[PDB]
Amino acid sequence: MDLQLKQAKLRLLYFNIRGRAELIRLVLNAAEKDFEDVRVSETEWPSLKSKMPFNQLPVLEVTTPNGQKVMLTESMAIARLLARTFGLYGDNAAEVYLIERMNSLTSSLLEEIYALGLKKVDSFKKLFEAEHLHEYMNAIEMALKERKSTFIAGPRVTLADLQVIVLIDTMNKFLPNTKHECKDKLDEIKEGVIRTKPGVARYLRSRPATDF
């Protein structure tokens, strides 16, 4: 049941976007754990999907040091497993609550942003939005302003600070003009991840420039 992820061969299968696998890429690069970053095209997906157990990406294909191949699914479960493996998931239940409180907020905001941008036809679409996303934005901003530590859950980077990067980069693409104080507070966290996780700094510099 122990996959020995520190030493296991890892292959990440996902599309060539940030999307929902970027958090996993950020964890692995923060830990400086090598992995094959396999970026699948929608053209390849039907046959890969057909030849493979799973039906949804991302999948983390793990080959343990003893040679056993295991296909892990569910993006957040994978990310948290990897975070725990590499010391990026806090040291006690109270720190983890801080991680998961923030990840709940930012995961919610992310999915809400993801769902916007797919209903542009007719009727009256001047109908107001924002207040949903605003609600998440002030909760995040309030939490970041109230914290008594450098990062979200303490003095060191955890998974929640990494997901803040995913959120920032989604906001700057989907919501370029949106000006709100939560963006500044999120950018502070990103700056500290870059400063303290040289593997992330290098990865962010070198990763493909994509829209999604």
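Numbering starts at 1 and follows the sequence shown.
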* **Greater mean Cα temperature factor according to the PDB record, 180-188 or 156-164** => 180-188
* Return whichever of 22-30 and 50-58 has the greater mean Cα B factor according to the PDB record. => 50-58
* To do: Have a look at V38, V70, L175, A143 and flag the one whose Cα has the highest B-factor in the entry.
  => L175
* Select lowest, middle or highest to describe the third in which the CA B-factor of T150 falls within its chain in this entry. => lowest
* To do: Tell me, lowest, middle or highest third: where does the Cα B factor of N138 rank within its chain?
  => highest
* Entry-reported Cα temperature factor of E100, expressed as the chain third it lands in -> lowest
* Pull the Cα B-factor of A209 out of the PDB entry and bin it into the chain's lowest, middle or highest third. => highest
* **For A130, the third of its chain into which the C-alpha B factor falls** => highest
